[PDB]
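Undergrad: I'd like to ask you about the structure that follows.
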Amino acid sequence: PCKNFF
Amino acid sequence: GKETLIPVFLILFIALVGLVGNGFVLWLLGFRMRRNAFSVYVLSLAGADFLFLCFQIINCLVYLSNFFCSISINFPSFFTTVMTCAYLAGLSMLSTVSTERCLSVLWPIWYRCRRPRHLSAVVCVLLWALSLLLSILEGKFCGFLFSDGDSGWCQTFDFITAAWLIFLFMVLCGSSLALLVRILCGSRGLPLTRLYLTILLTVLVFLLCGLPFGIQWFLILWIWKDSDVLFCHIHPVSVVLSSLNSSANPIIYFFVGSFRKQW
Ligand SMILES: CC(C)CCC[C@@H](C)[C@H]1CC[C@H]2[C@@H]3CC=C4C[C@@H](O)CC[C@]4(C)[C@H]3CC[C@]12C
């Protein structure tokens, strides 16, 4: 999504 | 690849240790031991730490599964927001413990007599509700739910959680400072050395291990915009420190306080 993610 | 694998074993080990610690704390304070007005905060902090540590176990276990077995387990995207809720609720419980200690030392008469009995419960419920509100509204605008949201309005609302996080840190540092001033000015029977040692230990733990994951995940990631450097090196370490902080929290708060008489 919009975030990098972990 | 290999550079990420060695932190992840540390993640699973520290997460398992904190998992069994938080489970023991939850079981004891829920069922076996009598609860003070303060014990509700420790129980809530263990509960907030549980979800976060379980999700860290999940996110490292499926990294082992994807690396060796290549099953490619895609996840529901709402695990991140409840993990964020768990993390924020844990930090809020830390700051609220600090403020309760400051209120006890500054106004002892009020704390013994006029303090409402369900104030701890209503404060815990309100902070959990506010943490969940800041979590899902960060989830919906940034794509970590069913619908996907714009990245432009994501950073407006994400910086609110960062400002709330800095405020939550300044409340912990401000309240622990006032207690230190009060006990160093005119307090007689207290054990001063052990007292400022444990207060300073909580302050460095919350600043060095609790803060960096939130700082890097929210405020730091957006501002820097240095993707090659940040994810490979900064991110693995940030999770570990935050994960480490959750593990050390039951030991610092409940087990030292309770099991001191046993050993
Ligand atoms: C408004 C909604 C989000 C709150 C629900 C949060 C859930 C996940 C849980 C996590 C731990 C739970 C708390 C654990 C301990 C107690 C002490 C009990 O004497 C009053 C309820 C209270 C304070 C619980 C309230 C609900 C709680 C905070």
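We're sticking with Swiss-Prot numbering for chain B, so the shown stretch reads 27-289, in order.
Method on record in the header is electron microscopy, 3.0 Å.
Just so you know, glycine gets a Cβ as well, placed from its N, Cα and C.
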Undergrad: In terms of membrane topology from Swiss-Prot, B:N62 and B:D252: same side, yes or no?
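TA: Opposite sides, per Swiss-Prot.
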Undergrad: Taking the transmembrane segment (B:34-54) as the first stretch and the transmembrane segment (B:97-117) as the second, find out whether 3 or more Cβ pairs fall under 8 Å, excluding pairs closer than 6 in sequence.
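TA: Counting Cβ pairs under 8 Å, fewer than 3, so no.
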Undergrad: Look over the recorded stretches B:64-84, B:97-117, B:145-165 and say which has the most C-beta pairs under 8 A to the transmembrane segment (B:229-249).
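TA: Selected stretch: B:97-117, with the most Cβ pairs under 8 Å.
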Undergrad: Mind checking which residues of the chain, 6+ beyond the ends of the transmembrane segment (B:185-205), have their Cβ under 8 Å from one of its Cβ atoms?
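TA: Same-chain contacts beyond the flanks: 114, 117-118, 120-121, 124-125, 127-128, 131-132, 160, 164, 225, 228-229, 232-233, 237, 240-241, 244-245, 248.
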